[PDB]
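Okay, structure first, notes after.
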Ligand SMILES: Nc1ncnc2c1ncn2[C@@H]1O[C@H](COP(=O)(O)OP(=O)(O)O)[C@@H](O)[C@H]1O
């Protein structure tokens, strides 16, 4: 009735009543159809004796009784009776087979990339969601965006959109379609403007990851602004913490940010000659640690796209050649070589060719650079005194310099873009579009993975807090007396030992300052402080055949193992203020514009943690709205998803967390009339006074609440 | 909350915040009081000046150090200096910062007990701790093994440490330092005609010592050279004109560190006490001690002291060991740097002496447990 106005798209958004009513009467049994594990599917239906094309007999408290066919295509699994892994898995499988790539999950919004053009977005014939709520329309994200509009207008409070992004595609198209929706509602457009200069971010904050080929190594938080009354204004984007350790160190079979290789494509010899640089990548260490090139992409077209982006931006000749000079100088850093002074402990240079290159490039002096690197100076009270240096300390200084150069250049380009997309009258309200990397579980986890997992941990605890308070509100609404330990914070507050200034990263910096500290000493200290005294901290199970881990933590995404080899090199950032002063005077005006505005302790962990807390404060002042994109298959074919890949994804996507938490309901909350009609075989006081446990329900204001595992009997 | 590091020393207060690269406040540990009359009514004359304010009104004041040989011998003056350090130089409130004080080894217990009592009662620090200057110097040098020779203004001491273990039976403490060299220079300058007797003139002579004095690699032929030519003579200009020129005094002043018989002391030179402290250690660690002689403090800042030290110890030790004198270019603040590193460690935050432990145990808490 209310769906036929979507026409050809109604079949996708919500099927007609006929197939659904014939699907609500399927003959299925609760005691002859369960779910058992598997080697290729990991989860299969069966008939302890079990057969579905393969026979096994297993324990009777590991099977999952399949869901009732009353609910076998509902788009919101928050109403099922048997909430378990294969239930949700095959539910999504089925709703994706009979094409409906959209799904509600409690509070999330799970969508799947269809790999197929669908008119489910265009034209406005489907974008007619105007005015509606989420609960009544078919489960489209445009309804979510409309709800965000209604909320921001009716409370004058900022809103937030958090999508999972490490999926290669589905992130892009979903961002595009939602921002197009926002352009439409509160109406060379701002979307054109956004996607014009996006190659900047693509070339600076993206690199080939072992399980990807274009991964955003930073957070994109688009602020799309609205008028005081609700007409769209200009939109300023905000960037955050960046995996800047990538600047120097790269693992095997990976590489740092594209721009190096884009330039190195030997496309425009003017650059490669202005930077006095060859084309062999194996001559510059900061990029040649892993792989020098991936055959899944060409670099010439990337260089040309980036040139076009610089042109459409307000960059001049200097605002382009200077950035090229900065990148070239960072690369010429990679092969600066120093030796101990003969018979004594002091770094001495051997060959200054790269020093000449860098001094010419940045607008600096070669001798001044060399000495200020070899002779740091401090402000002691009201005096100046030089400091001696071992070679490794100077190498630390060089790496920190390169990192800071790259980071501030990145931030300045961010501000430049935010300016170039800004011309508008005074505004008040906006919607937050938070793009972020997701959880990582690779076969060899390292420090950067610990950082990203901690970020995602904070974000997941944040979401859990949100869903906790909304559920508590709903329970107060129906007079439903039920109180519980905060699901939002306490279950995860114990897995953030990493932040407590005695935990993992704290002890990490402690060792960074501790003399002669080794990874073995670090492991010793870790085991002293946490082995046995923590339940989440456990020893890894290193069985010969895999790379060795050194400790294991139980996150929400399973139990993760890490290998601590090389982490002191990852975290140390002793910044050399002398060369900072050198920068603040350079003739290369871009350098001065970067570093315009009574040190030896800076750790990547510290800055990472503080930026994370900054983003958390940025969020906690607003109201969130979540999105969960999924890549169904790796062969990119439409129609079928490979279940182990998608299952691992959904595990790390965190929706299973929402399922586990609503299991602590009463996730099933029904009215009186529906249950009175559907189960009258013999007002609800008499109907459930007939029969089970009386805590299975909580009668209040024409609402019945059910724990999972009750409607499999009805 | 951040903590304060307050390396006192007998000649220079160096304070700052735990976590910085260098001390924020470095001023003389001195208290001056006016001698003369005072005639201008309404000038608003203070009762006493501390720090480098007493160094600019130097001409009319009489200066006194409240620390003689690492020992605080005037507790009211030390209280004045701490009050200054907290409220006027650092500009903080001591009630909100744990304080890390520092002290030389082998000095009376009442010194530490009074430090603790003063801090907790008349400054209400939340916690405090009293480290050893040599350990912090080793922290700052970035190693866990070596025999550190600290030589400040009042006291010179060796502390041999191996793998983080101190050898307290081999600690050797000597009581000639910068101030005894300043006095010997004041006395040795009279044979050219210059007469410095005032305390202000003692400060002048200290500046002469810091600017013109060096250690001679070979004392005897250096003496003969200075006697032959006049290429070693330099000139210094007092703060009223009146240039003075000194010859062999330049290297005769710090030579006292290697021949303490010049000032009538019976001890051995710093090279020989270093060697003795080494030879008092277990035969298996002294090869690694021979190669990690860490120098610290201001009195180890003379030009050519590392070369003379290495020559002397090499002449003493067996001819197979590798003698390495480690002399950083900033060794004058090694104690403070190491103290900030220490007070910044996460594993150290349980080593503080909380106010409650003091309230339970008395001032004797300090050495009895920490
Ligand atoms: N450049 C220098 N050359 C020689 N002696 C110095 C130099 N600088 C300081 N001193 C001596 O060092 C002493 C102060 O050193 P310091 O390490 O601050 O002692 P403390 O730690 O006891 O305050 C002064 O007495 C001064 O004579």
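Protein chains in written order, with the entry's author numbering: chain C, 4 to 50, 61 to 200, 215 to 624, 637, 644 to 727, 743 to 751, 753 to 775; chain J, 7 to 376.
Cβ coordinates follow ideal geometry from the N, Cα and C atoms, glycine included.
Please list the partners that residue 413 of chain C has in chain J, where partner means a Cβ-to-Cβ separation under 8 Å.
335, 336
Tell me, please, whether the CB atom of residue 537 of chain C is closer than 8 Å to any CB atom in chain J?
At least one chain J Cβ lies under 8 Å of residue 537 of chain C.
For residue 132 of chain C, which three-state DSSP category applies?
coil
Could you tell me which of C/548, C/688, C/106, C/411 sits nearest to residue 594 of chain C, measuring between CA atoms?
C/548
Taking the runs of the alpha helix (DSSP H) that are 4 residues or longer, which of them lie wholly in the stretch 233-301 of chain C?
285-291, 296-301
Using only alpha-carbon positions, find the residue among C/8, C/94, C/23 that is nearest to residue 772 of chain C.
C/94
Roughly how many whole angstroms lie between the Cα atoms of residue 424 of chain C and residue 601 of chain C?
6 Å
From C/489, C/167, C/719, C/344, pick the residue whose C-alpha is nearest to that of residue 523 of chain C; which is it?
C/489
Straight-line CA distance for residue 699 of chain C to residue 487 of chain C?
Approximately 7 Å, taken between the alpha carbons.
Closest by CA to residue 136 of chain C, which one among C/180, C/197, C/485, C/164?
C/197
Pick helix, strand or coil for residue 40 of chain J, following the three-state DSSP scheme.
Strand, per DSSP.
Below 8 Å CB to CB, which residues in the same chain sit around residue 272 of chain C once its five sequence neighbours on both sides are set aside?
Setting aside the 5 residues that flank it on each side, residue 272 of chain C is surrounded in the same chain by 430, 474, 475, 597, 649, each with a C-beta closer than 8 Å to its C-beta; the list follows chain order.
Skipping 5 residues on each side, what residues in its chain have a beta carbon closer than 6 Å to that of residue 303 of chain J?
156, 157, 158
Taking the alpha helix (DSSP H) that residue 714 of chain C belongs to, which residues open and close that run?
Unbroken run through residue 714 of chain C is the beta strand (DSSP E), 713-715; no alpha helix (DSSP H).
Nearest to residue 412 of chain C by alpha carbon, out of J/307, J/362, J/212?
J/307
Kindly indicate which residue of J/47, J/288, J/330 has the alpha-carbon position closest to the one of residue 173 of chain J.
J/288
With hydrogens ignored, establish whether the beta-carbon of residue 216 of chain J is closer than 7 Å to any heavy atom of ligand 1.
Residue 216 of chain J has its CB nearer than 7 Å to a heavy atom of ligand 1.
Whole angstroms is fine: what's the gap from residue 410 of chain C's alpha carbon to residue 606 of chain C's?
Their backbone Cα atoms lie some 18 Å apart in a straight line.
Ligand 1 heavy atoms versus the CB of residue 145 of chain J: any closer than 7 Å?
In this structure, residue 145 of chain J has its CB at a distance of at least 7 Å from all heavy atoms of ligand 1.
How is residue 287 of chain J classed by DSSP in three states: helix, strand or coil?
In this structure, DSSP gives residue 287 of chain J a state outside helix and strand, which the three-state scheme calls coil.
Chain C partners of residue 27 of chain J, CB-CB under 7 Å?
405, 644, 645
With a cut-off of 8 Å, does the C-beta of residue 541 of chain C fall near any C-beta of chain J?
For residue 541 of chain C, the closest Cβ of chain J is nearer than 8 Å.
May I ask you to check if the CB of residue 401 of chain C is nearer than 7 Å to at least one heavy atom of ligand 1?
No - ligand 1 has no heavy atom lying nearer than 7 Å to the Cβ of residue 401 of chain C.
Measure the C-alpha to C-alpha separation of residue 86 of chain J and residue 77 of chain J and round it to an integer number of angstroms.
16 Å
For residue 351 of chain J, would you say it is in contact with chain C, using Cβ-to-Cβ distances shorter than 8 Å as the test?
Cβ-Cβ to chain C under 8 Å: yes for residue 351 of chain J.
Is there at least one non-hydrogen atom of ligand 1 closer than 7 Å to the beta-carbon of residue 219 of chain J?
yes
Starting from the beta carbon of residue 408 of chain C, find every residue of chain J whose beta carbon is closer than 8 Å, and list them in chain order.
20, 28, 29, 30, 31, 32, 33
Just to confirm the assignment: which complete alpha helix (DSSP H) runs, minimum length 4, are found wholly within the stretch 465-512 of chain C?
474-504
Can you determine whether any heavy atom of ligand 1 sits closer than 7 Å to the C-beta of residue 22 of chain J, and answer yes or no?
Flag unset: Cβ of residue 22 of chain J not near ligand 1.
If you measure beta-carbon to beta-carbon, which residues of the stretch 134-162 of chain J are closer than 7 Å to chain C?
145, 148, 149, 150
Taking residue 720 of chain C and residue 685 of chain C to be in contact with their CB atoms under 8 Å, please state how far apart those CB atoms are, rounded to whole angstroms.
With a Cβ gap of about 37 Å, residue 720 of chain C and residue 685 of chain C do not count as contacting.
Out of J/23, J/31, J/73, J/36, which one is the CA nearest neighbour of residue 16 of chain J?
J/73
Along the alpha helix (DSSP H) that carries residue 99 of chain C, what are the first and last residues, could you check?
Its alpha helix (DSSP H) spans residues 98-110.
Using a Cβ-Cβ cut-off of 8 Å, state whether residue 533 of chain C counts as contacting chain J.
yes
Look at the alpha carbon of residue 752 of chain C and the alpha carbon of residue 360 of chain J, and state the distance between them as a whole number of angstroms.
Because residue 752 of chain C lies between 751 and 753, and chain C jumps straight from the first to the second, it has no atoms in this structure.
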